[PDB]
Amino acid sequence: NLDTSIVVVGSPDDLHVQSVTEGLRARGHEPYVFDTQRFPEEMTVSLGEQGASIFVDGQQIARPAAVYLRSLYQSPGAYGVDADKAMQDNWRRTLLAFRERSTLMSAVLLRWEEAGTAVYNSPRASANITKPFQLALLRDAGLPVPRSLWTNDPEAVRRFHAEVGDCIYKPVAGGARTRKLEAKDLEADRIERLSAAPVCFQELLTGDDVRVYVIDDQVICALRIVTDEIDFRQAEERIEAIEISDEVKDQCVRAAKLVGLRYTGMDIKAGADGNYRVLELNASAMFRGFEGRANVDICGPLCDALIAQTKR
């Protein structure tokens, strides 16, 4: 009774869920918006022993043609989640509830992928997204990565800094900005805190940030980000589309297939030599900010890939 050939997994309040919904409408399809944050209270899910046996709020969704996975909202600290109240009051019960929800919703996504749904970014990619594994995999497939050290050992850090020179530190997984490794950070009272959690240290690449969008083994666009160091009081960011060689294009496509994504925003960064190193592949990349600042279209090509799947 409702068209589920294209499913968008995310909150309707998410701006990229909104963007893809508007694009899909403008192209004649209506997406089924699957909002996991309504699961227990305002939703109904039912799974049978057979893979095709999936029932959401009554209706059977055995196999969408394609799926856009914005988020399953698996932990209370996920992006579109507002869980600080429940976590403050009883963090154990809240974390358990989130884990239970995550199990079922993932089972749904993995079932769709098993029936043949083209899930734009399967959750199965997370194993390869693991950053200290991701960069090694990429490098061993022939993609340049920064000199890196993921560690909790202050000596390894001191020796790595001595081998490389100027360094940055950033999270192993995410959740903080990249900083420069200043001299204070190598002092004992600072560097000793690595005993709490490991940190990622890297050669300070001095060239420019580029964002390369890849959809279905085609580069949609490469956007270069430059920092306005002109006025020290209000530094802005300037994003502009650029041309890249076929070499860079094919390396980005190989990277996407290697990690295992269908829609990715590669973050790359150039060295002083002017050559790019791979910083990361994003499994749920955003595009609206870059779409606006660079005056390019990413939502369109994504919607067109999703629609192309329904004819496939």
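Numbering starts at 1 and runs along the sequence shown.
- If you average the C-alpha B-factors over 187 to 195 and over 228 to 236, the higher value belongs to 228 to 236.
- Two stretches are in play, 38 to 46 and 267 to 275, and the higher mean C-alpha B-factor belongs to 38 to 46.
- Residue-level inspection of the entry shows that, of 203, 84, 155, 163, 84 has the top Cα B-factor.
- Within the listed group 151, 178, 88, 134, the record reports its top CA B-factor for 88.
- Sorting the modelled residues of the chain by their CA temperature factor places residue 257 in the lowest third.
- When the CA B factors of the chain's modelled residues are split into thirds, the value for residue 79 lands in the highest one.
- Among the modelled residues of the chain, residue 106 sits in the middle third by CA temperature factor in this PDB entry.
- In this PDB entry, residue 211 carries a Cα temperature factor that places it within the lowest third of its chain's modelled residues.
- For residue 92, the recorded CA B-factor ranks within the highest third of the chain. Only modelled residues enter the ranking.
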